[PDB]
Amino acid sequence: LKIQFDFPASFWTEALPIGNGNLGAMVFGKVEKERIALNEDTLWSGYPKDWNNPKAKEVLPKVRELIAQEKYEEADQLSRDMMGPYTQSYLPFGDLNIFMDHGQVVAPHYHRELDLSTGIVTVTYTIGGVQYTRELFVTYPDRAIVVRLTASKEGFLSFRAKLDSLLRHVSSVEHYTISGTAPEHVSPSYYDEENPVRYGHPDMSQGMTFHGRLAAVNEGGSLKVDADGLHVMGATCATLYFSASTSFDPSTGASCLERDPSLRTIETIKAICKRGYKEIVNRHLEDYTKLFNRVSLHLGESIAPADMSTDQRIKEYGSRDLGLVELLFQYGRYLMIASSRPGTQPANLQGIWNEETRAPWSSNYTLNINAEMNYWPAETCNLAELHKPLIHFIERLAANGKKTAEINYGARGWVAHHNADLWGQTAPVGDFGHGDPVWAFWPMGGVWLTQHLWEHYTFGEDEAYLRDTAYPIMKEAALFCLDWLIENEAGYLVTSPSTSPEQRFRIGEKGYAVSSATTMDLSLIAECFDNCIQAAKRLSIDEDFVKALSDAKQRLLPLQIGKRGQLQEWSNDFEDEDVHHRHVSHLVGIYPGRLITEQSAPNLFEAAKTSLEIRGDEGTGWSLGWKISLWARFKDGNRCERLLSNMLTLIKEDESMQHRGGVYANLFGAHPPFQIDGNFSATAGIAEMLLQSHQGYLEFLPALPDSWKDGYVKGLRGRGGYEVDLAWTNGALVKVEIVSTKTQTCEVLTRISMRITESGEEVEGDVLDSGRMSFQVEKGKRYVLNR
């Protein structure tokens, strides 16, 4: 499993990603003047800004009146008075440049790779008979980027290394460093406002301080450091260490003056330099392996030559190379491991990798699908602890969101809208009126995120986590919903204003944004109430609160099937402004939610399928990814493969179609431009095709493509504390292994009759209603199913 090339990267999307959750780098593999793009996941512009809007509360009753009177045009216009500032932006830390003294021409067979089994990037090339090798990785245990350089001939390693950055900074020197203060404001890439990048006076800025420290250890030759960088002369081998830090305090959610980044980096560099290279690399391998090796997937032998570069592989084989599908699957797990380790910030639109001052859409946390999508594979793909950064980010939003709910809406609980940043902005964006209400006015970000808090529990069954962390936040989110819901003329509970993520409805020759009770709103709120009810009972508390949520849920405006036989996206059967809109917000209840299933709502389930069909199989990287899981839920394995085929389409940096999804040379997901959400949904989608556990039973191979004849997957997790392994041959399940962390009744759905054994002895299983079979499992024991 490698992403490789026989040529150095020319474009950032051809570079190789490495990271330890906090520090990130993109390796180009250039022969002479190497560039290693750097990132520190807390490096953002700004500080906690006054984002709430009291005027929102003032106009709320009027906008609702307008909506009730179907004066959508006036309602959309007035909603521009219920907005807030655009969030801040994720900044590019800088570059690590290494100038080799041997020229840029090499002998044939140049090679660079990222090995997903080791998380190590290797670069090799030869000049005049002398072989040079490079090993680069970002170690979590020793908190640093490591670059190991070697020459096959003694004394043939000479270079100059130094840091640089697009951000205002000052450099200085036994280490080479850079430091400064982040800008206090950066306008989103799409908002062409005057003075897009603003630095405060270096004496009073509220921007966070940052610091980068580069050190080197030479084996042979000499080493010196001056204004021009680190100079290694006549060595044979050398190791470069880089550490970065900021004044951002994850506990307060704000910059802290008492936090000195230069002291943190020097502490980090001094520590790593005391360990030998082999020790450092081995500590990294052991750390990485414990997470990566939890899951093993095999869909068959790869039909592509082993020497082929990944870009040619994608273009010439696509999803036809089952080895490429496996690589894609594991790439998602790899990227989560390298961008979302506990204690670090959750992966943003670009994980942690970004080279642009004004990155696309601020490279922030987009809460109307993208941020959530980033974590869809956390639980199922056995990276549960990697969900923590989001969980803790949600705790912060819950804290900030309480004030937003109070000020903008006069409601209890907490709310979050469609965009959030490092600071945890919970108020809507749109710079108080500039943004389009179809996407700017959306108060369901918090309601959606509660699902992640809950899923962390459904998968791990940790009562303490639920009681002390999850439930409290989930409950507060539900309270806000109880206040956000209002009775309509008919007496049903609805939301108003209400929008369906980025999709306008049309009447006549016009398109409108806001109306009342969109299907996403109703689905998300219903799901939140359900999860809260389940949580409360599990904890045997809030008997009355449960009643209130039950009554409210019962009073929600019922979902509807439109004249096209499709699940209606709005409370009225309006015409879509775009029948192929990339978002499928009204299907959130099918996936990632579980509100609507063939069992729970047969007619709504089928109608949802019709909506998906009308929507089509095209879209951005993330849209394709969403549809993969949706169709997996619909049990259409062949359609899943088709969408998988579409995402495995080589996209280039000069792509002109704004919504042409795919992947770049380095397999990074393409919106375009680079958007990591697609990588995470591809991974989650694949798991959902092989295993599902949201309907009260473990269903095996729910959506296996007819072309995936033989294979296996080991280490997937299922709700209820289950870890599952399964294998198949000739397109049919042949063997399953289940281990539960809890003694309970296990229920499974297989298409063929299976016998159960534990320690080789038969286990009694009741073949219930359908092909569903339940049986008792004891915590820790391994149960095997055979035909």
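The first residue of the sequence shown is number 1, and the count goes up from there.
Undergrad: What size is the break between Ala107 and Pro108 in terms of deposited sequence residues left without coordinates: none, 1 to 3, 4 to 9, or 10 or more?
TA: Count of unmodelled residues in between: none.
Undergrad: Averaging C-alpha B-factors over each stretch, which comes out higher, 612-620 or 365-373?
TA: Per the PDB entry, the higher value belongs to 612-620.
Undergrad: For the higher mean C-alpha B factor in the entry, choose 745-753 or 46-54.
TA: It is 745-753.
Undergrad: Quiz for you: based on the deposited Cα B-factor, which of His581, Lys153, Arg594, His387 is highest?
TA: The record points to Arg594.
Undergrad: Based on what the PDB entry reports, which of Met773, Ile18, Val777, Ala9 has the top C-alpha B-factor?
TA: Going by the entry's C-alpha B-factors, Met773 comes out highest.
Undergrad: Lowest, middle or highest third of the chain for the C-alpha temperature factor of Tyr191?
TA: Its C-alpha B-factor belongs to the middle third of this chain's values.
Undergrad: Sorting the chain's CA B-factors, does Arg467 end up in the lowest, middle or highest third?
TA: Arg467: CA B-factor falls in the highest third of its chain.
Undergrad: What third of the chain, by the recorded C-alpha B-factor, contains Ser707?
TA: Its C-alpha B-factor, which the entry lists for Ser707, ranks in the highest third among residues of this chain.
Undergrad: In terms of the chain's CA B-factor thirds, is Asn730 lowest, middle or highest?
TA: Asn730: CA B-factor falls in the highest third of its chain.
Undergrad: Please place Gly637 in the lowest, middle or highest third of its chain according to the CA B-factor in the PDB entry.
TA: It falls in the middle third of the chain.
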